[PDB]
Every structure is written in structure tokens, then in C-alpha cells.
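K.L.:
An experimental structure, sequence included, is below.
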Amino acid sequence: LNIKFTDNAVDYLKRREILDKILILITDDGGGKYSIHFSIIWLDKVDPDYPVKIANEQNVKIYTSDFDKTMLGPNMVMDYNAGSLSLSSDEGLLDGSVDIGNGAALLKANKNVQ
């Protein structure tokens, strides 16, 4: 797995102050712990449940899981335009409106509602 972020995607991640964070790319079928198709989850430390590194030449610490990698594609590109993050590969568009979520916040709320 490898990925590249366009200039607009990089700028955006920067405006959101998360380009330097631990990023987790996963499918969001409502079943994972980081729910709310794909989304970018950011953390401050690595999550052992998502150990697989997605190679890139932009120094981005981005990960995924063995389960999520089967739905990702070869030579992925993350772009930003029309106000949304979009993920694609050599096979085509994967998701034109990728969401971003604060991982810790997600878990915290998950815990409190319970």
C-alpha cells in the first residue's frame, strides 16, 4: 500500500493541524470503533489495532489494519477540492467525501454514552 497527498490535500490537512499526527485510514461501515466510504482518523500515538503502514514519500505517519487494507487500492491519492477530501487509486474513485475524525474524541464519547 502506498499513498500520495496532492498539494491541496496537504494544505488542508495543515489548516486542520493534523498533518503531523498519527493518521489512520479506514473504511467506515459503522462497525469499527472509530465510526464517523472512508475516513481519516487522527491520534497522537499509534493504535496497535492499526499497525500496517501505508508508504508515502511525504513523511506522513499514516496507518491502517489488515481488514481495512483489502478495501483500499494500489497507488492511492488523497486530494481536496469542492470542500471535500477525496480518495482514489489506479482503479478509480474510492470515496469523494472522506471524513476526518478526532480519534480520542470518538472513543471518549463512545465510552460516555455507555
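P.N.:
Yes, it's here. Numbers count the residues shown, from 1 in each chain.
K.L.:
alpha carbons only for contacts and neighbour counts from here, please
P.N.:
Fine.
K.L.:
List the buried residues of the longest helix anywhere in the chain.
P.N.:
Secondary structure of the chain per DSSP state H: the longest helix is helix 103-113. Using 16 or more other CA atoms under 10 Å as the test for burial, helix 103-113 gives residue 103.
K.L.:
CA atoms only for it, dumped as PDB, please.
P.N.:
Output of helix 103-113 as PDB, limited to C-alpha atoms (Å, rounded to 0.1, in the frame of the first residue of the first chain):
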ATOM      1  CA  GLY A 103      -9.900   9.600  17.400                       C
ATOM      2  CA  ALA A 104      -9.600  10.300  21.100                       C
ATOM      3  CA  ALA A 105     -12.800  12.400  21.000                       C
ATOM      4  CA  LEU A 106     -14.600   9.500  19.200                       C
ATOM      5  CA  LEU A 107     -13.600   7.000  21.900                       C
ATOM      6  CA  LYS A 108     -14.400   9.300  24.700                       C
ATOM      7  CA  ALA A 109     -18.000   9.900  23.500                       C
ATOM      8  CA  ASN A 110     -18.300   6.200  22.800                       C
ATOM      9  CA  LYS A 111     -17.400   5.500  26.400                       C
ATOM     10  CA  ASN A 112     -19.700   8.200  27.900                       C
ATOM     11  CA  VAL A 113     -22.800   7.200  26.000                       C
END
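K.L.:
Just the terminal-to-terminal distance for stretch 22-42.
P.N.:
Stretch 22-42 has its terminal residues 6 Å apart, counting by CA to CA, to the nearest Å.
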